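Colleague: The listed protein sequences correspond, in order, to chains B and A.
Heads up: the first sequence is residues 50 to 106, going by the authors' numbering.
Heads up: the second sequence is residues 50 to 106, going by the authors' numbering.
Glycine included, every Cβ here is placed at the ideal spot set by N, Cα and C.
Protein chains: 2
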Amino acid sequence: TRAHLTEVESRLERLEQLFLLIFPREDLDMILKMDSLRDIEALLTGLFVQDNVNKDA
Amino acid sequence: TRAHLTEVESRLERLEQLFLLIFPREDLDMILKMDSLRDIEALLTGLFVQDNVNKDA
């Protein structure tokens with residue numbers, strides 16, 4: 050019992066804080082832009098959706 | 050004595066693969082839903098946007 054964790058833990062953990070393919074650096078739009086196919090902004094840009102829905106039923 | 054990395058590395062690294070507040074389990078919509086304020090689906094649901102833009106200029 051004189052090693053493990055602490056350093057290494059802070060290591061892969063530090064890698065966990067750096068992320069890989071989640072947080073590039075800034076801008077919180079590339080996410081929803083890469084996940085959404087604009088089928089909403091499109092379904093509306095062409096079908097002009099108009100109605101109520103609200104949240105939590 | 051040999052140690053560090055391997056186990057611990059796979060440890061915090063395993064924690065990195067489990068994520069914390071990024072991947073809940075399965076949705077693919079909760080992300081863009083929590084990032085986007087529906088100001089687009091709204092700006093269109095009320096202002097009915099219609100025009101060309103394309104990608105990459």
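Going by CA-CA distance only, name the one from B:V57, B:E75 and B:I89 that's closest to A:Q99.
Modeller: Within the second sequence, the letter at position 50 stands for residue 99 of chain A. Considering only alpha carbons, the answer is B:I89.
Colleague: Can you tell me whether A:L96 is buried or exposed? The criterion is at least 16 other CB atoms within 10 Å of its CB, across all chains shown.
Modeller: Here the question's residue 96 of chain A lines up with position 47 in the second sequence. By the neighbour-count rule (16 or more Cβ atoms within 10 Å), A:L96 is not buried but exposed.
Colleague: Here's the rule: buried if 16 or more other CB atoms are within 10 angstroms of the residue's CB, otherwise exposed. What is A:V102?
Modeller: Working through the second sequence from its first residue, we reach residue 102 of chain A at position 53. Burial call: exposed.
Colleague: Taking the alpha-carbon positions, what's the B:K104 to A:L81 distance?
Modeller: Taking the first residue of the first sequence as position 1, residue 104 of chain B is located at position 55. Taking the first residue of the second sequence as position 1, residue 81 of chain A is located at position 32. When rounded, the distance between both Cα atoms is 16 angstroms.
Colleague: In chain A, what lies closer than 7 angstroms to B:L54 by C-beta?
Modeller: What you label residue 54 of chain B is simply residue 5 of the first sequence in a count that begins at 1. Neighbours of B:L54 on chain A, chain order: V57.
Colleague: Let me know the secondary structure DSSP gives A:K82 once reduced to three states.
Modeller: Sequence index remark: in the second sequence, residue 82 of chain A carries index 33 (1-based). Of the three classes helix, strand and coil, the one that applies to A:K82 here is helix, per DSSP.
Colleague: For residue 107 of chain B versus A:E58, is the C-beta distance shorter than 8 angstroms?
Modeller: For residue 107 of chain B there is no data in the structure shown, the boundaries of chain B being 50 and 106.
Colleague: Name, please, each residue of chain B whose Cβ falls closer than 7 angstroms to the Cβ of A:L93.
Modeller: Residue mapping note: residue 93 of chain A aligns to position 44 of the second sequence, counting from 1. Going along chain B in sequence order, the residues near A:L93 (Cβ under 7 angstroms) are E90, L93 and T94.
Colleague: Residues of the stretch 59–79 of chain A in Cβ contact with chain B at a cutoff of 7 angstroms, in chain order, please.
Modeller: Answer set for the stretch 59–79 of chain A: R60, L61, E62, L64, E65, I71 and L77.
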